[PDB]
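A, B, C and D label the chains in the order they appear, each numbered from 1.
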Amino acid sequence: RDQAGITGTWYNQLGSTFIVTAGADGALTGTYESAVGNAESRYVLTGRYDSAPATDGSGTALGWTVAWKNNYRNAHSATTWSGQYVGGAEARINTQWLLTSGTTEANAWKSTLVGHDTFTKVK
Amino acid sequence: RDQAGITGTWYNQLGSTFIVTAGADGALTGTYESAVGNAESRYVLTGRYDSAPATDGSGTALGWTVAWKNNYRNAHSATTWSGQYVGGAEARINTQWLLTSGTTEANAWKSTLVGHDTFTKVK
Amino acid sequence: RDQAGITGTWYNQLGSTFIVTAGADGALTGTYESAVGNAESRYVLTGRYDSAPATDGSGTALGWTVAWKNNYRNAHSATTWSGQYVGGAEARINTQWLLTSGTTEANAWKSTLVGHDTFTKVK
Amino acid sequence: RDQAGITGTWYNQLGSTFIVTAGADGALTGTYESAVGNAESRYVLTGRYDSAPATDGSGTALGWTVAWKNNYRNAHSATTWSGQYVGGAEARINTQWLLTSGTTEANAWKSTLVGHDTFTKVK
């Protein structure tokens, strides 16, 4: 439905690269490359999207996760993005995210960053 | 590593049921059943976890997504949980979550709920 | 310090109006008018800011609260904005916010919206 | 209304101390002492609460801010708590919070922590 609209290469305001395939079943698969933080090269992502969204002009809800471990680095952390895809000439994925680091129990109060990323099809 | 510790059936404070398998590669697969909201029965989830966490007593970072569409209902929304697994006698997964609904652009300011769920191996 | 830079009239991307005075002591006082939601006219706000920020080019941390009760309406809710003031030609206050509604205990999981507002000195 | 219920000394799960007065007009004034982080002794807080909440068993919405500057320390950061007061034998204030640090523009993606604190009248 928005399978075609979501599948592809997206870029956020930080210059990160989100490469995703949307499956007919609601699956999101792909790779993420962050332009910032304790990260290098590509990381696996997986997520889900609403494969039968409302037809009233609403966006398409979706989310995905990256664990920041690959063959190069392990930042002992994971980010989830929660948001919606908005189609059209200037298609966008508007997200908020939560980045949790593994911590000791004494430090768990400072485990989680929150922010917002907007992805577009052009950098 | 925490593959065995994470795999299984978890319950949160709302009485929701999180059934997950942790793969050797960092994958999370399974099903979620919410005790609240516009939800019935099981929904697909997918996520990621740190398969090689720190050995200094830190938790294990992880996250997952549910899109709230199944064969019974479609709530045009997705939730992502971001958190850490803490092993031991009283193992826990401590999370914060973001629930994004598909909205019109005019309503996007009110698209996203935030909360926190704690999962245990016993209800 | 940024007392002069913060004091004044600010506008966000929704067309809301934030009127604030920064005190020498770190106080924020003023009024908020939301262009959206269950709101009309001005609401009291109060908050705090860092009156002696770092001199290394960092922003100035601040926050404020609105309870959505005035002489016209009571939305049984409160929003807090947490963010930083960035000075200069295009001064900005970049925030994330939490909007909590009063709920029953059974509904408390869906009590809190999260979002992000960027304020500028020009609409 | 909940003026009497809110006014007083509260303690969270970290062992922090929140001392507040609720004014008839919806004002919150007081001091905060954090048991964790870059903090020592008391800090000024100000906030707002719904002075005429619903009478249907709903909680009372409120929020407050601390800027982490006092005569002893300056952590160049501010926290806002957004939540609701629930009255009764085991009265509670259930909150989520946003802690923003002043950062450079390049580091603003990692400026804001999110968490949740529950306050009770007994430690």
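Assume a contact is a pair of C-beta atoms (placed from the backbone, for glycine too) under 8 Å apart; a residue touches a chain by one contact, two chains touch by 3 or more.
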From the listed B-D, C-D or A-D, the one duplicating A-B with over half its contact pairs the same is C-D
By C-beta contact count, A-C versus B-C, the higher one is B-C
Measure off the straight-line distance from the CA centroid of chain A to the CA centroid of chain C, and report it in whole Å.
28
Which integer distance in Å separates the CA centroid of chain B from that of chain C?
31
Among all residues of chain A, which ones touch two or more of the remaining chains?
96, 98, 111-112, 114-115
Quick check on the complex: what are the chain D residues that touch chain B?
96, 114-116
Which stretch or stretches of chain C touch chain D in the complex?
25-28, 44-54, 56-69, 74, 76-84, 86, 94-105, 108, 111-112
With touch defined as at the start, can you tell me which chain D residues reach chain A in the complex?
14, 36-37, 98, 106, 109-115
